[PDB]
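Undergrad: Next up, input.pdb (PDB, C-alpha atoms).
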```pdb
ATOM      1  CA  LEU E   1      48.318 -66.843 -90.525
ATOM      2  CA  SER E   2      50.606 -65.366 -93.154
ATOM      3  CA  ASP E   3      49.942 -61.693 -93.889
ATOM      4  CA  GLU E   4      48.976 -62.520 -97.470
ATOM      5  CA  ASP E   5      46.480 -65.141 -96.284
ATOM      6  CA  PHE E   6      45.171 -62.746 -93.671
ATOM      7  CA  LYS E   7      44.745 -60.191 -96.460
ATOM      8  CA  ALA E   8      42.969 -62.868 -98.493
ATOM      9  CA  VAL E   9      40.506 -63.454 -95.667
ATOM     10  CA  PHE E  10      39.964 -59.938 -94.338
ATOM     11  CA  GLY E  11      41.139 -57.856 -97.282
ATOM     12  CA  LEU E  12      43.864 -56.165 -95.277
ATOM     13  CA  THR E  13      47.170 -57.212 -93.736
ATOM     14  CA  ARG E  14      47.500 -57.754 -89.976
ATOM     15  CA  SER E  15      49.108 -54.328 -89.435
ATOM     16  CA  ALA E  16      46.356 -52.544 -91.373
ATOM     17  CA  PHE E  17      43.758 -54.619 -89.570
ATOM     18  CA  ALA E  18      45.144 -53.686 -86.146
ATOM     19  CA  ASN E  19      45.094 -50.073 -87.322
ATOM     20  CA  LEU E  20      41.308 -50.423 -87.557
ATOM     21  CA  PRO E  21      38.934 -49.754 -84.623
ATOM     22  CA  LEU E  22      38.462 -52.799 -82.403
ATOM     23  CA  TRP E  23      34.742 -53.003 -83.123
ATOM     24  CA  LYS E  24      35.556 -53.062 -86.831
ATOM     25  CA  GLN E  25      38.173 -55.741 -86.293
ATOM     26  CA  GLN E  26      35.683 -57.789 -84.264
ATOM     27  CA  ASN E  27      33.016 -57.162 -86.895
ATOM     28  CA  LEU E  28      35.399 -58.443 -89.570
ATOM     29  CA  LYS E  29      36.295 -61.463 -87.437
ATOM     30  CA  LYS E  30      32.635 -62.342 -86.973
ATOM     31  CA  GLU E  31      31.871 -61.523 -90.613
ATOM     32  CA  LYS E  32      34.420 -63.977 -91.983
ATOM     33  CA  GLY E  33      33.938 -66.389 -89.100
ATOM     34  CA  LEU E  34      37.605 -66.144 -88.214
ATOM     35  CA  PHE E  35      38.581 -64.750 -84.840
TER      36      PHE E  35
END
```
Since I need it in another form, could you write the structure as C-alpha cells?
TA:
Amino acid sequence: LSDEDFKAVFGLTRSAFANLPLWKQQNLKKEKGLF
C-alpha cells in the first residue's frame, strides 16, 4: 500500500501508524477491516 492510500484508509501514514501503540494499530486494522 502506498503511504497516501494507507493514510486514506487509516488516516495516518505508515510511519505515524507504527508510532501508535500496537493495540491501537490492531484496533484500526480491525476497524477498517484491513490488517
Undergrad: Which residues are near range 29-35 of chain E? Cut-off 9 Å, only C-alpha atoms, ignore same chain within fewer than 5 positions. Put them as a PyMOL selection string.
TA: chain E and resi 9-10+24
Undergrad: Taking all listed atoms of range 3-14 of chain E, build the axis-aligned box, pad each of the six sides by 6 Å, then write its centre and edge lengths in Å to one decimal as JSON.
TA:
```
{"center_x": 45.0, "center_y": -60.7, "center_z": -94.2, "size_x": 22.0, "size_y": 21.0, "size_z": 20.5}
```
Undergrad: Could you tell me how far CA of residue 4 in chain E lies from CA of residue 17 in chain E, in Å and to one decimal?
TA: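 Distance between the two atoms: 12.3 Å.
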Undergrad: Mind giving me the straight-line distance from CA of residue 28 in chain E to CA of residue 15 in chain E in Å, one decimal?
TA: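 Those two atoms sit 14.3 Å apart.
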Undergrad: Please measure the separation of CA of residue 2 in chain E and CA of residue 21 in chain E, giving the value in Å to one decimal.
TA: 21.3 Å
Undergrad: Give as a list in words the residues that the PyMOL selection byres ((chain E and resi 3) around 9) matches when applied to the coordinates above.
TA: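 Checking the PyMOL selection byres ((chain E and resi 3) around 9) against this file, the residues are residues 1, 2, 4, 5, 6, 7, 8, 12, 13, 14 and 15 of chain E.
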Undergrad: Is it possible to produce a file of range 6-34 of chain E from this structure, with N, CA, C and O atoms, as an mmCIF file, in the first residue's frame?
TA:
```
data_model
loop_
_atom_site.group_PDB
_atom_site.id
_atom_site.type_symbol
_atom_site.label_atom_id
_atom_site.label_comp_id
_atom_site.auth_asym_id
_atom_site.auth_seq_id
_atom_site.Cartn_x
_atom_site.Cartn_y
_atom_site.Cartn_z
ATOM 1 N N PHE E 6 -2.649 4.355 2.351
ATOM 2 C CA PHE E 6 -2.660 3.940 3.741
ATOM 3 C C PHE E 6 -3.259 5.051 4.604
ATOM 4 O O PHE E 6 -4.062 4.793 5.501
ATOM 5 N N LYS E 7 -2.876 6.291 4.310
ATOM 6 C CA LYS E 7 -3.413 7.447 5.014
ATOM 7 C C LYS E 7 -4.889 7.649 4.678
ATOM 8 O O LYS E 7 -5.658 8.138 5.498
ATOM 9 N N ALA E 8 -5.282 7.273 3.471
ATOM 10 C CA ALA E 8 -6.686 7.328 3.085
ATOM 11 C C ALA E 8 -7.510 6.357 3.924
ATOM 12 O O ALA E 8 -8.583 6.697 4.422
ATOM 13 N N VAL E 9 -6.980 5.155 4.091
ATOM 14 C CA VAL E 9 -7.663 4.107 4.836
ATOM 15 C C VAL E 9 -7.670 4.379 6.341
ATOM 16 O O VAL E 9 -8.723 4.382 6.976
ATOM 17 N N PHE E 10 -6.493 4.597 6.905
ATOM 18 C CA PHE E 10 -6.350 4.682 8.354
ATOM 19 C C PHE E 10 -6.348 6.119 8.863
ATOM 20 O O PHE E 10 -6.624 6.364 10.038
ATOM 21 N N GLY E 11 -6.046 7.064 7.989
ATOM 22 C CA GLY E 11 -6.000 8.457 8.393
ATOM 23 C C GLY E 11 -4.582 8.945 8.595
ATOM 24 O O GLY E 11 -4.316 10.149 8.571
ATOM 25 N N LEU E 12 -3.667 8.005 8.764
ATOM 26 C CA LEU E 12 -2.278 8.322 9.055
ATOM 27 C C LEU E 12 -1.356 7.484 8.182
ATOM 28 O O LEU E 12 -1.724 6.393 7.753
ATOM 29 N N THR E 13 -0.172 8.009 7.908
ATOM 30 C CA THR E 13 0.809 7.306 7.096
ATOM 31 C C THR E 13 1.483 6.197 7.892
ATOM 32 O O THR E 13 1.492 6.238 9.123
ATOM 33 N N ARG E 14 2.055 5.226 7.182
ATOM 34 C CA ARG E 14 2.584 4.007 7.800
ATOM 35 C C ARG E 14 3.475 4.311 8.999
ATOM 36 O O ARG E 14 3.348 3.673 10.047
ATOM 37 N N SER E 15 4.356 5.299 8.841
ATOM 38 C CA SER E 15 5.300 5.700 9.892
ATOM 39 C C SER E 15 4.517 6.143 11.140
ATOM 40 O O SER E 15 4.797 5.705 12.265
ATOM 41 N N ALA E 16 3.508 6.982 10.924
ATOM 42 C CA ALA E 16 2.740 7.553 12.019
ATOM 43 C C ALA E 16 1.871 6.486 12.665
ATOM 44 O O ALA E 16 1.587 6.534 13.862
ATOM 45 N N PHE E 17 1.469 5.524 11.852
ATOM 46 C CA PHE E 17 0.700 4.381 12.306
ATOM 47 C C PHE E 17 1.553 3.496 13.211
ATOM 48 O O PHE E 17 1.131 3.118 14.299
ATOM 49 N N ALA E 18 2.771 3.199 12.764
ATOM 50 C CA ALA E 18 3.692 2.367 13.532
ATOM 51 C C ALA E 18 4.080 3.051 14.838
ATOM 52 O O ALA E 18 4.388 2.392 15.834
ATOM 53 N N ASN E 19 4.069 4.378 14.817
ATOM 54 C CA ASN E 19 4.325 5.176 16.013
ATOM 55 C C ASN E 19 3.261 4.918 17.082
ATOM 56 O O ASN E 19 3.516 5.062 18.279
ATOM 57 N N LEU E 20 2.071 4.514 16.647
ATOM 58 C CA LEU E 20 0.960 4.283 17.559
ATOM 59 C C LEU E 20 1.147 2.982 18.331
ATOM 60 O O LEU E 20 1.850 2.080 17.879
ATOM 61 N N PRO E 21 0.532 2.879 19.518
ATOM 62 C CA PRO E 21 0.523 1.637 20.298
ATOM 63 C C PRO E 21 -0.099 0.497 19.503
ATOM 64 O O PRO E 21 -1.065 0.689 18.760
ATOM 65 N N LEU E 22 0.464 -0.694 19.687
ATOM 66 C CA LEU E 22 0.113 -1.866 18.891
ATOM 67 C C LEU E 22 -1.361 -2.208 18.997
ATOM 68 O O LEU E 22 -1.959 -2.658 18.025
ATOM 69 N N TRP E 23 -1.947 -1.996 20.168
ATOM 70 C CA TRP E 23 -3.366 -2.267 20.351
ATOM 71 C C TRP E 23 -4.197 -1.289 19.530
ATOM 72 O O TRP E 23 -5.271 -1.627 19.042
ATOM 73 N N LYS E 24 -3.673 -0.080 19.358
ATOM 74 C CA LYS E 24 -4.368 0.955 18.613
ATOM 75 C C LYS E 24 -4.249 0.662 17.127
ATOM 76 O O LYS E 24 -5.200 0.834 16.368
ATOM 77 N N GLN E 25 -3.072 0.199 16.729
ATOM 78 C CA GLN E 25 -2.845 -0.234 15.360
ATOM 79 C C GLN E 25 -3.772 -1.392 15.007
ATOM 80 O O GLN E 25 -4.418 -1.383 13.963
ATOM 81 N N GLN E 26 -3.823 -2.388 15.886
ATOM 82 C CA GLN E 26 -4.685 -3.553 15.692
ATOM 83 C C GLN E 26 -6.152 -3.143 15.670
ATOM 84 O O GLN E 26 -6.935 -3.641 14.858
ATOM 85 N N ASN E 27 -6.512 -2.228 16.562
ATOM 86 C CA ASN E 27 -7.868 -1.700 16.621
ATOM 87 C C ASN E 27 -8.239 -1.038 15.299
ATOM 88 O O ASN E 27 -9.321 -1.262 14.767
ATOM 89 N N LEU E 28 -7.321 -0.238 14.771
ATOM 90 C CA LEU E 28 -7.511 0.421 13.483
ATOM 91 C C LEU E 28 -7.650 -0.598 12.356
ATOM 92 O O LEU E 28 -8.528 -0.477 11.495
ATOM 93 N N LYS E 29 -6.780 -1.604 12.370
ATOM 94 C CA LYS E 29 -6.816 -2.671 11.378
ATOM 95 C C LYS E 29 -8.175 -3.356 11.368
ATOM 96 O O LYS E 29 -8.776 -3.551 10.311
ATOM 97 N N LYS E 30 -8.661 -3.701 12.551
ATOM 98 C CA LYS E 30 -9.940 -4.381 12.683
ATOM 99 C C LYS E 30 -11.097 -3.429 12.381
ATOM 100 O O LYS E 30 -12.133 -3.844 11.861
ATOM 101 N N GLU E 31 -10.910 -2.155 12.702
ATOM 102 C CA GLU E 31 -11.930 -1.141 12.458
ATOM 103 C C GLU E 31 -12.183 -0.976 10.965
ATOM 104 O O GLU E 31 -13.330 -0.938 10.519
ATOM 105 N N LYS E 32 -11.111 -0.876 10.193
ATOM 106 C CA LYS E 32 -11.242 -0.658 8.758
ATOM 107 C C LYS E 32 -11.285 -1.975 7.993
ATOM 108 O O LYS E 32 -11.476 -1.990 6.777
ATOM 109 N N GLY E 33 -11.113 -3.077 8.711
ATOM 110 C CA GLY E 33 -11.153 -4.386 8.086
ATOM 111 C C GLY E 33 -9.956 -4.630 7.192
ATOM 112 O O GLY E 33 -10.034 -5.381 6.220
ATOM 113 N N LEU E 34 -8.848 -3.990 7.520
ATOM 114 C CA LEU E 34 -7.631 -4.113 6.742
ATOM 115 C C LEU E 34 -6.448 -4.354 7.663
ATOM 116 O O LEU E 34 -6.022 -3.457 8.391
#
```
